[PDB]
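Raw contents of work-v2.cif, mmCIF, C-alpha atoms:
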data_upload
#
loop_
_atom_site.group_PDB
_atom_site.id
_atom_site.type_symbol
_atom_site.label_atom_id
_atom_site.label_comp_id
_atom_site.auth_asym_id
_atom_site.auth_seq_id
_atom_site.Cartn_x
_atom_site.Cartn_y
_atom_site.Cartn_z
ATOM 1 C CA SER Q 1 102.354 117.312 126.826
ATOM 2 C CA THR Q 2 99.941 117.834 129.672
ATOM 3 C CA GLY Q 3 98.271 115.775 132.363
ATOM 4 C CA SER Q 4 95.085 116.227 134.390
ATOM 5 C CA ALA Q 5 94.020 114.079 137.338
ATOM 6 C CA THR Q 6 91.269 114.299 139.871
ATOM 7 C CA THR Q 7 92.297 114.426 143.520
ATOM 8 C CA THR Q 8 89.841 113.204 146.142
ATOM 9 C CA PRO Q 9 89.715 113.776 149.908
ATOM 10 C CA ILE Q 10 90.419 110.553 151.843
ATOM 11 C CA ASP Q 11 87.742 111.329 154.432
ATOM 12 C CA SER Q 12 85.013 113.708 155.511
ATOM 13 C CA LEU Q 13 87.539 116.113 157.059
ATOM 14 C CA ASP Q 14 89.817 116.509 154.011
ATOM 15 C CA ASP Q 15 92.690 115.121 156.135
ATOM 16 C CA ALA Q 16 94.516 114.413 152.860
ATOM 17 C CA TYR Q 17 93.882 113.958 149.157
ATOM 18 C CA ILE Q 18 94.605 110.988 146.909
ATOM 19 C CA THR Q 19 95.244 111.048 143.220
ATOM 20 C CA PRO Q 20 95.306 107.919 141.011
ATOM 21 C CA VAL Q 21 98.723 107.170 139.516
ATOM 22 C CA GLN Q 22 99.543 104.524 136.924
ATOM 23 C CA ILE Q 23 102.797 102.686 137.623
ATOM 24 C CA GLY Q 24 104.371 100.029 135.443
ATOM 25 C CA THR Q 25 103.407 97.878 132.486
ATOM 26 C CA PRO Q 26 100.654 96.785 132.520
ATOM 27 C CA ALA Q 27 99.506 99.721 134.600
ATOM 28 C CA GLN Q 28 99.191 99.288 138.312
ATOM 29 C CA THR Q 29 97.024 102.075 139.658
ATOM 30 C CA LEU Q 30 97.859 103.363 143.123
ATOM 31 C CA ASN Q 31 96.233 106.254 144.945
ATOM 32 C CA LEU Q 32 99.000 108.572 146.024
ATOM 33 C CA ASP Q 33 99.193 111.622 148.230
ATOM 34 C CA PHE Q 34 100.609 114.415 146.072
ATOM 35 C CA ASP Q 35 102.908 116.277 148.415
ATOM 36 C CA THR Q 36 104.443 119.631 147.435
ATOM 37 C CA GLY Q 37 106.345 119.468 150.756
ATOM 38 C CA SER Q 38 108.531 116.452 149.905
ATOM 39 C CA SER Q 39 110.314 115.019 146.931
ATOM 40 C CA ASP Q 40 110.063 111.240 147.083
ATOM 41 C CA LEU Q 41 107.642 109.140 145.079
ATOM 42 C CA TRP Q 42 107.203 106.086 147.270
ATOM 43 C CA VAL Q 43 104.653 103.304 147.310
ATOM 44 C CA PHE Q 44 103.403 100.437 149.353
ATOM 45 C CA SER Q 45 104.722 97.388 147.541
ATOM 46 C CA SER Q 46 105.198 93.652 147.432
ATOM 47 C CA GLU Q 47 108.343 94.324 149.456
ATOM 48 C CA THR Q 48 106.562 96.087 152.328
ATOM 49 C CA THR Q 49 106.679 94.264 155.664
ATOM 50 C CA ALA Q 50 103.407 92.321 155.562
ATOM 51 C CA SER Q 51 102.335 93.323 159.111
ATOM 52 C CA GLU Q 52 102.665 96.971 158.034
ATOM 53 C CA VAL Q 53 100.238 96.632 155.132
ATOM 54 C CA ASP Q 54 96.552 97.005 156.047
ATOM 55 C CA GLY Q 55 94.275 97.611 153.068
ATOM 56 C CA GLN Q 56 96.600 99.549 150.776
ATOM 57 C CA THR Q 57 97.058 98.729 147.124
ATOM 58 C CA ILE Q 58 100.611 97.596 146.506
ATOM 59 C CA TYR Q 59 103.000 98.024 143.636
ATOM 60 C CA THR Q 60 104.482 94.705 142.540
ATOM 61 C CA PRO Q 61 107.546 95.457 140.407
ATOM 62 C CA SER Q 62 108.006 91.816 139.376
ATOM 63 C CA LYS Q 63 104.691 92.099 137.508
ATOM 64 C CA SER Q 64 105.857 95.146 135.575
ATOM 65 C CA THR Q 65 107.781 94.489 132.389
ATOM 66 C CA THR Q 66 109.232 98.019 132.514
ATOM 67 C CA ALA Q 67 110.363 97.943 136.159
ATOM 68 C CA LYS Q 68 114.134 97.871 136.724
ATOM 69 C CA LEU Q 69 115.824 97.687 140.118
ATOM 70 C CA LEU Q 70 117.956 100.763 140.660
ATOM 71 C CA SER Q 71 120.957 98.851 141.895
ATOM 72 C CA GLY Q 72 122.253 99.853 145.297
ATOM 73 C CA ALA Q 73 119.748 102.665 145.797
ATOM 74 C CA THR Q 74 117.918 103.017 149.091
ATOM 75 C CA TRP Q 75 115.695 105.673 150.565
ATOM 76 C CA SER Q 76 114.562 106.735 153.978
ATOM 77 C CA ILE Q 77 112.338 109.632 154.895
ATOM 78 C CA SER Q 78 110.810 111.200 157.982
ATOM 79 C CA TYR Q 79 107.959 113.674 157.801
ATOM 80 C CA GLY Q 80 107.077 116.652 159.989
ATOM 81 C CA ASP Q 81 104.353 114.680 161.762
ATOM 82 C CA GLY Q 82 106.882 112.047 162.831
ATOM 83 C CA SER Q 83 105.829 109.427 160.297
ATOM 84 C CA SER Q 84 108.434 107.607 158.225
ATOM 85 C CA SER Q 85 109.137 105.056 155.522
ATOM 86 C CA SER Q 86 112.101 103.478 153.789
ATOM 87 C CA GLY Q 87 113.081 100.895 151.235
ATOM 88 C CA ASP Q 88 114.747 100.373 147.878
ATOM 89 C CA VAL Q 89 114.206 101.830 144.423
ATOM 90 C CA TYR Q 90 112.965 100.831 141.017
ATOM 91 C CA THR Q 91 112.690 102.844 137.863
ATOM 92 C CA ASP Q 92 109.446 102.408 135.951
ATOM 93 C CA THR Q 93 106.890 104.167 133.815
ATOM 94 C CA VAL Q 94 104.669 106.470 135.810
ATOM 95 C CA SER Q 95 101.642 108.239 134.381
ATOM 96 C CA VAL Q 96 99.474 110.905 135.998
ATOM 97 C CA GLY Q 97 96.271 111.951 134.277
ATOM 98 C CA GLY Q 98 97.553 111.034 130.798
ATOM 99 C CA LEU Q 99 101.060 112.405 131.361
ATOM 100 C CA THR Q 100 103.776 109.774 131.168
ATOM 101 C CA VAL Q 101 107.318 109.725 132.523
ATOM 102 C CA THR Q 102 109.600 106.846 131.687
ATOM 103 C CA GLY Q 103 112.437 105.955 134.055
ATOM 104 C CA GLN Q 104 110.788 107.552 137.081
ATOM 105 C CA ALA Q 105 112.280 106.506 140.387
ATOM 106 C CA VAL Q 106 109.608 104.536 142.192
ATOM 107 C CA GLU Q 107 110.671 104.078 145.785
ATOM 108 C CA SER Q 108 109.456 100.759 147.102
ATOM 109 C CA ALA Q 109 108.675 100.688 150.804
ATOM 110 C CA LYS Q 110 110.162 97.885 152.879
ATOM 111 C CA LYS Q 111 109.094 99.634 156.079
ATOM 112 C CA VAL Q 112 106.418 102.184 156.903
ATOM 113 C CA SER Q 113 105.454 103.681 160.252
ATOM 114 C CA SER Q 114 102.143 102.981 161.924
ATOM 115 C CA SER Q 115 100.490 106.173 160.664
ATOM 116 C CA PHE Q 116 100.853 104.944 157.096
ATOM 117 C CA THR Q 117 99.711 101.401 157.902
ATOM 118 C CA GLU Q 118 96.650 102.806 159.647
ATOM 119 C CA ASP Q 119 95.663 104.852 156.613
ATOM 120 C CA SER Q 120 94.318 102.268 154.175
ATOM 121 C CA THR Q 121 93.360 104.945 151.626
ATOM 122 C CA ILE Q 122 96.891 106.160 150.941
ATOM 123 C CA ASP Q 123 99.042 103.836 148.841
ATOM 124 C CA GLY Q 124 102.056 106.135 148.880
ATOM 125 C CA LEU Q 125 103.273 109.680 148.280
ATOM 126 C CA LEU Q 126 104.209 111.534 145.115
ATOM 127 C CA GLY Q 127 106.575 114.325 146.050
ATOM 128 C CA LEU Q 128 106.387 117.659 144.225
ATOM 129 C CA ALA Q 129 108.876 119.795 146.136
ATOM 130 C CA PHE Q 130 112.311 120.360 144.662
ATOM 131 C CA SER Q 131 114.415 117.343 143.823
ATOM 132 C CA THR Q 132 117.174 118.565 146.155
ATOM 133 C CA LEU Q 133 115.105 117.073 149.013
ATOM 134 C CA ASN Q 134 114.910 113.636 147.435
ATOM 135 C CA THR Q 135 116.212 111.029 149.893
ATOM 136 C CA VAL Q 136 117.502 108.386 147.491
ATOM 137 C CA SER Q 137 121.070 107.375 148.209
ATOM 138 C CA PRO Q 138 123.734 107.250 146.893
ATOM 139 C CA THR Q 139 122.271 108.818 143.760
ATOM 140 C CA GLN Q 140 119.591 111.390 144.389
ATOM 141 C CA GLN Q 141 116.565 111.072 142.117
ATOM 142 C CA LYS Q 142 114.275 113.566 140.396
ATOM 143 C CA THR Q 143 110.614 114.140 141.160
ATOM 144 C CA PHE Q 144 107.897 113.216 138.676
ATOM 145 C CA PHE Q 145 107.448 116.928 137.872
ATOM 146 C CA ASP Q 146 111.179 117.447 137.330
ATOM 147 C CA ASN Q 147 111.303 114.463 134.970
ATOM 148 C CA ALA Q 148 108.185 115.665 133.115
ATOM 149 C CA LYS Q 149 109.133 119.344 132.949
ATOM 150 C CA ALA Q 150 110.915 119.496 129.613
ATOM 151 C CA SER Q 151 108.043 117.631 127.936
ATOM 152 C CA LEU Q 152 105.340 119.829 129.393
ATOM 153 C CA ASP Q 153 103.692 122.533 127.290
ATOM 154 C CA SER Q 154 104.529 124.882 130.153
ATOM 155 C CA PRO Q 155 106.783 124.005 133.135
ATOM 156 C CA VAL Q 156 104.006 124.255 135.711
ATOM 157 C CA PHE Q 157 101.654 122.188 137.723
ATOM 158 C CA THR Q 158 98.537 123.447 139.496
ATOM 159 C CA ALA Q 159 96.731 122.373 142.626
ATOM 160 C CA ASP Q 160 92.991 122.896 142.843
ATOM 161 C CA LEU Q 161 91.953 121.172 146.047
ATOM 162 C CA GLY Q 162 88.286 120.849 146.899
ATOM 163 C CA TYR Q 163 86.579 121.573 150.193
ATOM 164 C CA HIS Q 164 84.820 118.336 151.066
ATOM 165 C CA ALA Q 165 84.874 117.538 147.361
ATOM 166 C CA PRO Q 166 87.118 116.404 144.543
ATOM 167 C CA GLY Q 167 89.620 118.695 142.891
ATOM 168 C CA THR Q 168 92.312 118.622 140.243
ATOM 169 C CA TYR Q 169 96.033 118.446 139.722
ATOM 170 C CA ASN Q 170 97.055 119.677 136.276
ATOM 171 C CA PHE Q 171 100.488 119.395 134.732
ATOM 172 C CA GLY Q 172 101.752 121.539 131.918
ATOM 173 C CA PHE Q 173 98.929 124.041 131.624
ATOM 174 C CA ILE Q 174 96.840 126.580 133.492
ATOM 175 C CA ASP Q 175 93.098 125.977 133.258
ATOM 176 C CA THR Q 176 91.785 129.506 132.966
ATOM 177 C CA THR Q 177 88.233 128.252 133.666
ATOM 178 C CA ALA Q 178 89.255 126.929 137.076
ATOM 179 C CA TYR Q 179 89.621 130.239 138.910
ATOM 180 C CA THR Q 180 88.084 133.665 139.230
ATOM 181 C CA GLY Q 181 89.819 136.995 138.738
ATOM 182 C CA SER Q 182 93.563 136.998 138.147
ATOM 183 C CA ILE Q 183 96.416 134.845 139.350
ATOM 184 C CA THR Q 184 98.828 136.744 141.582
ATOM 185 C CA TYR Q 185 102.352 135.498 141.388
ATOM 186 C CA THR Q 186 104.825 135.749 144.219
ATOM 187 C CA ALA Q 187 108.517 134.899 144.587
ATOM 188 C CA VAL Q 188 109.780 131.499 145.682
ATOM 189 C CA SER Q 189 112.934 130.574 147.533
ATOM 190 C CA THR Q 190 114.173 127.074 146.774
ATOM 191 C CA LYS Q 191 116.960 127.393 149.378
ATOM 192 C CA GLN Q 192 115.269 124.847 151.695
ATOM 193 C CA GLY Q 193 113.979 122.658 148.854
ATOM 194 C CA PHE Q 194 110.391 123.819 149.393
ATOM 195 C CA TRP Q 195 107.888 126.008 147.561
ATOM 196 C CA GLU Q 196 108.782 128.733 150.061
ATOM 197 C CA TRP Q 197 107.202 132.152 149.740
ATOM 198 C CA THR Q 198 106.273 135.186 151.804
ATOM 199 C CA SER Q 199 102.670 136.051 152.483
ATOM 200 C CA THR Q 200 102.019 139.777 152.839
ATOM 201 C CA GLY Q 201 99.765 139.463 155.886
ATOM 202 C CA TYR Q 202 96.408 138.372 157.203
ATOM 203 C CA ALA Q 203 92.947 139.263 158.408
ATOM 204 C CA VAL Q 204 90.589 137.529 160.847
ATOM 205 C CA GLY Q 205 86.940 137.516 159.772
ATOM 206 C CA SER Q 206 85.826 140.995 158.776
ATOM 207 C CA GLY Q 207 88.774 142.522 160.636
ATOM 208 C CA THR Q 208 91.322 144.882 159.174
ATOM 209 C CA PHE Q 209 94.194 143.437 157.231
ATOM 210 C CA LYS Q 210 97.491 143.296 159.079
ATOM 211 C CA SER Q 211 100.437 143.878 156.783
ATOM 212 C CA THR Q 212 103.231 141.614 157.920
ATOM 213 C CA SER Q 213 105.619 139.229 156.161
ATOM 214 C CA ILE Q 214 104.928 135.558 156.821
ATOM 215 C CA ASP Q 215 107.553 133.233 155.319
ATOM 216 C CA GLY Q 216 106.059 129.796 154.709
ATOM 217 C CA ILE Q 217 105.744 126.813 152.389
ATOM 218 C CA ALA Q 218 102.965 125.795 150.071
ATOM 219 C CA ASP Q 219 102.479 122.195 151.179
ATOM 220 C CA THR Q 220 99.684 120.032 149.768
ATOM 221 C CA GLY Q 221 100.936 117.218 152.000
ATOM 222 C CA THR Q 222 100.066 119.012 155.253
ATOM 223 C CA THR Q 223 96.444 119.103 156.319
ATOM 224 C CA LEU Q 224 96.293 122.291 158.351
ATOM 225 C CA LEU Q 225 97.444 125.892 158.290
ATOM 226 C CA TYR Q 226 100.418 126.468 160.584
ATOM 227 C CA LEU Q 227 101.245 130.109 161.329
ATOM 228 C CA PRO Q 228 103.119 132.159 163.946
ATOM 229 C CA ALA Q 229 101.707 132.005 167.448
ATOM 230 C CA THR Q 230 100.777 135.717 167.347
ATOM 231 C CA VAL Q 231 98.621 135.233 164.236
ATOM 232 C CA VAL Q 232 97.011 132.067 165.510
ATOM 233 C CA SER Q 233 96.253 133.628 168.883
ATOM 234 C CA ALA Q 234 94.642 136.583 167.117
ATOM 235 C CA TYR Q 235 92.458 134.189 165.103
ATOM 236 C CA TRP Q 236 91.239 131.991 167.969
ATOM 237 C CA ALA Q 237 90.602 135.008 170.208
ATOM 238 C CA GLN Q 238 87.613 135.693 167.925
ATOM 239 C CA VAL Q 239 86.044 132.305 168.756
ATOM 240 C CA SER Q 240 84.231 132.157 172.092
ATOM 241 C CA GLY Q 241 85.569 129.319 174.180
ATOM 242 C CA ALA Q 242 88.540 128.504 171.976
ATOM 243 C CA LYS Q 243 91.734 127.570 173.756
ATOM 244 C CA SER Q 244 95.074 125.964 173.171
ATOM 245 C CA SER Q 245 95.066 122.500 174.734
ATOM 246 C CA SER Q 246 98.417 120.821 175.373
ATOM 247 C CA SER Q 247 96.630 117.521 176.069
ATOM 248 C CA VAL Q 248 94.959 117.623 172.671
ATOM 249 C CA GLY Q 249 97.979 119.163 170.941
ATOM 250 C CA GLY Q 250 96.608 122.456 169.650
ATOM 251 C CA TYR Q 251 93.729 124.908 169.530
ATOM 252 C CA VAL Q 252 90.286 123.448 170.134
ATOM 253 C CA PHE Q 253 86.961 125.237 170.066
ATOM 254 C CA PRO Q 254 83.371 124.500 170.939
ATOM 255 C CA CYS Q 255 81.767 122.527 168.148
ATOM 256 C CA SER Q 256 78.756 124.864 168.491
ATOM 257 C CA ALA Q 257 80.867 127.792 167.260
ATOM 258 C CA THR Q 258 80.598 129.530 163.934
ATOM 259 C CA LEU Q 259 84.170 130.134 162.848
ATOM 260 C CA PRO Q 260 85.348 133.384 161.284
ATOM 261 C CA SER Q 261 87.096 133.359 157.941
ATOM 262 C CA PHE Q 262 90.846 133.824 157.669
ATOM 263 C CA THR Q 263 92.409 135.917 154.920
ATOM 264 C CA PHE Q 264 96.043 135.676 153.821
ATOM 265 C CA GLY Q 265 97.859 138.049 151.495
ATOM 266 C CA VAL Q 266 99.547 137.178 148.257
ATOM 267 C CA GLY Q 267 101.248 140.374 147.243
ATOM 268 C CA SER Q 268 98.414 142.873 146.943
ATOM 269 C CA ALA Q 269 95.828 140.091 146.506
ATOM 270 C CA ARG Q 270 93.846 138.327 149.210
ATOM 271 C CA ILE Q 271 92.767 134.708 149.616
ATOM 272 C CA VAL Q 272 89.823 134.115 151.925
ATOM 273 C CA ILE Q 273 89.582 130.837 153.830
ATOM 274 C CA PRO Q 274 85.952 130.376 154.858
ATOM 275 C CA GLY Q 275 85.438 129.620 158.539
ATOM 276 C CA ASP Q 276 83.964 126.190 157.746
ATOM 277 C CA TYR Q 277 87.314 125.201 156.214
ATOM 278 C CA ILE Q 278 88.917 125.650 159.634
ATOM 279 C CA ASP Q 279 86.615 123.134 161.407
ATOM 280 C CA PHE Q 280 88.222 119.685 161.736
ATOM 281 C CA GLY Q 281 85.478 118.262 163.856
ATOM 282 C CA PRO Q 282 85.303 116.562 167.234
ATOM 283 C CA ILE Q 283 88.677 115.808 168.848
ATOM 284 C CA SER Q 284 87.239 112.353 169.587
ATOM 285 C CA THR Q 285 84.026 110.665 168.484
ATOM 286 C CA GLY Q 286 81.064 112.287 170.213
ATOM 287 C CA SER Q 287 83.042 115.139 171.743
ATOM 288 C CA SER Q 288 81.709 118.686 171.718
ATOM 289 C CA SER Q 289 85.297 119.978 171.538
ATOM 290 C CA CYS Q 290 86.405 120.473 167.933
ATOM 291 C CA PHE Q 291 89.891 120.664 166.499
ATOM 292 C CA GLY Q 292 91.035 123.879 164.858
ATOM 293 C CA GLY Q 293 92.345 124.030 161.304
ATOM 294 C CA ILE Q 294 94.719 126.903 162.109
ATOM 295 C CA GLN Q 295 97.487 125.979 164.489
ATOM 296 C CA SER Q 296 100.741 127.459 165.760
ATOM 297 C CA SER Q 297 103.919 126.757 163.825
ATOM 298 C CA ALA Q 298 105.995 127.492 166.941
ATOM 299 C CA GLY Q 299 108.321 124.545 167.368
ATOM 300 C CA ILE Q 300 107.819 123.361 163.758
ATOM 301 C CA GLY Q 301 110.487 125.792 162.636
ATOM 302 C CA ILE Q 302 108.545 126.872 159.564
ATOM 303 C CA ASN Q 303 105.107 128.204 158.658
ATOM 304 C CA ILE Q 304 103.027 125.834 156.543
ATOM 305 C CA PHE Q 305 100.322 126.806 154.084
ATOM 306 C CA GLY Q 306 98.724 123.392 154.083
ATOM 307 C CA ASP Q 307 95.482 122.164 152.567
ATOM 308 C CA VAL Q 308 93.310 124.420 154.744
ATOM 309 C CA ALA Q 309 94.861 127.389 152.960
ATOM 310 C CA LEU Q 310 95.567 125.918 149.564
ATOM 311 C CA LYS Q 311 92.048 124.522 149.061
ATOM 312 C CA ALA Q 312 90.712 128.115 149.212
ATOM 313 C CA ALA Q 313 92.750 128.917 146.098
ATOM 314 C CA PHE Q 314 93.775 127.863 142.642
ATOM 315 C CA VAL Q 315 97.523 127.443 143.074
ATOM 316 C CA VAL Q 316 100.171 127.541 140.344
ATOM 317 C CA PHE Q 317 103.470 125.897 141.035
ATOM 318 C CA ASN Q 318 105.645 127.519 138.377
ATOM 319 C CA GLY Q 319 108.788 125.485 137.790
ATOM 320 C CA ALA Q 320 110.363 127.873 135.311
ATOM 321 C CA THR Q 321 114.105 128.517 135.701
ATOM 322 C CA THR Q 322 113.114 131.028 138.349
ATOM 323 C CA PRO Q 323 110.281 129.338 140.163
ATOM 324 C CA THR Q 324 107.252 131.249 141.398
ATOM 325 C CA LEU Q 325 103.927 130.536 143.054
ATOM 326 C CA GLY Q 326 100.619 131.854 141.812
ATOM 327 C CA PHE Q 327 97.372 132.143 143.756
ATOM 328 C CA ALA Q 328 93.890 132.910 142.502
ATOM 329 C CA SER Q 329 90.512 132.835 144.165
ATOM 330 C CA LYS Q 330 88.016 130.353 142.795
#
Transcribe the structure of this file into structure tokens.
Amino acid sequence: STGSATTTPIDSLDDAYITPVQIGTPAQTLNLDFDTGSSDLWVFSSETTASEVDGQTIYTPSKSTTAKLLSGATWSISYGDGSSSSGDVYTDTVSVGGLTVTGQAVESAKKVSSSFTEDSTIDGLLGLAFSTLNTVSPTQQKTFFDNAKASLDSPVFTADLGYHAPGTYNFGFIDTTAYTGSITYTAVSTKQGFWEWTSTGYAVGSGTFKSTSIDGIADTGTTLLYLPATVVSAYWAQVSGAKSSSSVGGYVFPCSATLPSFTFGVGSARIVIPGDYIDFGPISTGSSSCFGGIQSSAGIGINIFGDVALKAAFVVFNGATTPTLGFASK
């Protein structure tokens, strides 16, 4: 089997991407944030505190003839940005782009933090990291991809995020028309439950490539590119007027600037992030100070190859017995 679904930026900045997901019988379609940095599939629901729902589409398990309460199961998750959600668990039929899993754990939110309430475009998350991170207790649950894996033509999914435009998540196959050149594969450590790999270095604009190992995670659920302070300093030093602002919470730059590209290494291959991808617009409406798409990972504890990086590539998440990551230009 295979699946193929279009993923769409939620706003003009590509702050996140939503992908339609069919849940239950008859289908209830929710737009979920596919997140290779977490491993819970959770949804706004009929159980969600009513004051914490503001525009989202909800899953109503009582209207699904295939929904079954997973007795005693609860979940609770906190994300790197400080947002959180929690609730109980159903199993139900979940389909993504024609690909169907029966008995998928669908985690029903009873509570969500303000950040989720305030984002009316995101109806929940579909986690695609390793199932070892799944927060369901007392019986940990498998991700959609883990459940689908055996049925897939090939145990892979691919992320093809668009810059200010729709893209694609494919399951079970590699679309050889979706990228240019070759796919370069690189080793993954699952030790922290993430798609964790080591970039071989970086370049700023037309500058020379610096060979240096950068351990990080491929995370579709993080908007920006978070790298070591040395790297990030080297990047923003090439932008006149750029500075790290503690009041804003990161590097800002004059909106009048033309940003240089940023290249990261995948083995011997190179992925080029165009400068425009690194512009996240005015810090506040009408401001001439713009927020940078490359930020320091210092104090995060891990480097994150978020959407800013991933959207510059065709990315293969290879879930073979020994997982790997593949990157191609496109």
Quiz item: Which of these residues is nearest to residue Q:48, using all atoms listed in the file: Q:101, Q:122, Q:239, Q:109?
Solution: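 Closest candidate: Q:109.
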Quiz item: Could you pull the residues within 10 Å of residue Q:307, counting only C-alpha atoms, minus those fewer than 2 positions along the same chain, as a PyMOL selection string?
Solution: chain Q and resi 14-17+161-163+218-225+277+293+304-305+309-313
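Here atom CA of residue Q:22 stands at a distance of 25.2 Å from atom CA of residue Q:114.
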Quiz item: Expressed in Å to a single decimal, how great is the separation between atom CA of residue Q:40 and atom CA of residue Q:216?
Solution: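 These atoms are spaced 20.5 Å apart.
With only C-alpha atoms as the atoms that count, the minimum distance from residue Q:18 to the choices Q:235, Q:169, Q:291, Q:144 is reached by Q:169.
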Quiz item: Using only C-alpha atoms, which of Q:324, Q:329, Q:2, Q:65 sits nearest residue Q:177?
Solution: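 Using only C-alpha atoms, the shortest distance to residue Q:177 belongs to Q:329.
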Exercise. Using atom CA of residue Q:172 and atom CA of residue Q:1 as the two end points, give the distance in Å to one decimal.
Key: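 A separation of 6.6 Å between them.
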Practice problem: Between Q:298, Q:204, Q:271, Q:106, single out the one closest to residue Q:250, counting only C-alpha atoms. | Solution: Q:298
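Selection by the PyMOL selection byres ((chain Q and resi 61) around 9) on the present file picks out residues 24, 45, 46, 59, 60, 62, 63, 64, 65, 66, 67, 68, 69, 90, 92 and 108 of chain Q.
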Export C-alpha atoms of the chosen residues as a short mmCIF file (atom, residue, chain, number, x, y, z; two decimals), in the frame of the given file?
data_model
loop_
_atom_site.label_atom_id
_atom_site.label_comp_id
_atom_site.auth_asym_id
_atom_site.auth_seq_id
_atom_site.Cartn_x
_atom_site.Cartn_y
_atom_site.Cartn_z
CA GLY Q 24 104.37 100.03 135.44
CA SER Q 45 104.72 97.39 147.54
CA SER Q 46 105.20 93.65 147.43
CA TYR Q 59 103.00 98.02 143.64
CA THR Q 60 104.48 94.70 142.54
CA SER Q 62 108.01 91.82 139.38
CA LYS Q 63 104.69 92.10 137.51
CA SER Q 64 105.86 95.15 135.57
CA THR Q 65 107.78 94.49 132.39
CA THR Q 66 109.23 98.02 132.51
CA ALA Q 67 110.36 97.94 136.16
CA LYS Q 68 114.13 97.87 136.72
CA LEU Q 69 115.82 97.69 140.12
CA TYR Q 90 112.96 100.83 141.02
CA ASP Q 92 109.45 102.41 135.95
CA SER Q 108 109.46 100.76 147.10
#
Quiz prompt | Ground truth for the PyMOL selection byres ((chain Q and resi 53) around 12), written as a PyMOL selection string | solution = chain Q and resi 43-52+54-59+109-124
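Proximity of Q:213, Q:29, Q:287, Q:186 to residue Q:325, computed with all atoms listed in the file, is greatest for Q:186.
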Self-check item: Shell around stretch 72-76 of chain Q at 6 Å using all atoms listed in the file, local window under 3 positions removed, as a list in words
Solution: residues 85, 86, 87, 88, 89, 135, 136 and 137 of chain Q
Practice problem: Using the chain letters and numbering of this document, enumerate as a list in words the residues selected by the PyMOL selection byres ((chain Q and resi 128) around 7). | Solution: residues 34, 35, 36, 37, 38, 39, 126, 127, 129, 130, 143 and 145 of chain Q
